[PDB]
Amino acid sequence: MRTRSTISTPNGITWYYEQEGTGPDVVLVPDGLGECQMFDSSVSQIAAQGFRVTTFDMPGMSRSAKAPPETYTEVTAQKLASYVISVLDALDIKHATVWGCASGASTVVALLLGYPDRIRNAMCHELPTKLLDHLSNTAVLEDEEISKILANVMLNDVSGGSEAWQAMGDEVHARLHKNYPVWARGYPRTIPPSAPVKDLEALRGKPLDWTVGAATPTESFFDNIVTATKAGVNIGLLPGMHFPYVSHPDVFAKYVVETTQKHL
């Protein structure tokens, strides 16, 4: 049985969140698009091994759109880690395993470095460290231009699984549609320079497990692989590209549970 509800935190944000299961806490942090329905079937699968799985739309996105502007403009890993700690405080989640891709990847690493007593272990996927002009440039476009371009980039290029991406269904793509412009304006200029992965030696020894997409072109996250290896941090592959929890939910969920079990 899945809890679907809202909860507020004193930084002005009213989070849509979901939660299933009983056990050690595992938290699934969304990617830049902030849409936690992406995790839907994995939440059930992780929870069915023995875990409490919690997830939530991110601030200004989808059903957590009721939030102040500092919360989705000039976004940084450190700001997002703060937000996620706040919703963990509110849900009384004291010690959490965390997953995150993209801006969520930067969030979970910032979580791990910033709040080490809170984080049992952190799985980051495809941590954006480099400014990409094709993304940054969309921000100056009109909202509806942005949705069209980005919806298409996800559908045809980088879902890692187009049928799975389509099958999320119309409600989700209608929420995504509204999120594309707030993401485009809030994330790509300021998320990469905030990458909390320039201090190699802070990563060393930490309980951190890094993945990249198997089918993702090598240039996108080449740098993650270099950085992990310099720092001794476990690094490997999941199938797909940026959304393995959409395209390969079974392999995704198995990986989250195995990795969490490694750290109980």
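We number the residues from 1 along the sequence you see.
Exercise for the section: Output the stretch having the higher mean C-alpha B factor in the entry; the candidates are 53-61 and 195-203. Expected result: Stretch with the higher mean C-alpha B-factor: 195-203.
Exercise for the section: Return whichever of 158-166 and 112-120 has the greater mean Cα B factor according to the PDB record. Expected result: The stretch with the larger average C-alpha B-factor is 158-166.
Exercise for the section: Name the residue from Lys79, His125, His134, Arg189 with the greatest C-alpha temperature factor listed in the entry. Expected result: The C-alpha B-factor peaks, among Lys79, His125, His134, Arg189, at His134.
Practice task
Using the temperature factors in the entry, find which of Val75, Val153, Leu91, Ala174 has the highest value at its Cα atom.
Solution key: That would be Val153, according to the entry.
Practice task
Give the position of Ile46 by CA B-factor within its chain, expressed as the lowest, middle or highest third.
Solution key: Within its chain, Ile46 is a middle-third residue by C-alpha B-factor, going by the deposited values.
Problem - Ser86, C-alpha B-factor rank within chain (lowest, middle or highest third) - result: For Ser86, whose C-alpha B-factor we compare with every modelled residue in the chain, the answer is the lowest third.
Practice task
Classify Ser8 as lowest, middle or highest third according to the C-alpha B-factor given in the PDB entry, relative to its own chain.
Solution key: Lowest third, going by the recorded CA B-factors of the chain.
Exercise for the section: Consider only the C-alpha atoms of the modelled residues in this chain, order them by B-factor as the entry records it, and name the third containing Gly34: lowest, middle or highest. Expected result: CA B-factor rank for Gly34: middle third.
Handout entry: Chain-wide C-alpha B factor ranking for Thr71, given as lowest, middle or highest third
Key = Its C-alpha B-factor, which the entry lists for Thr71, ranks in the middle third among residues of this chain.
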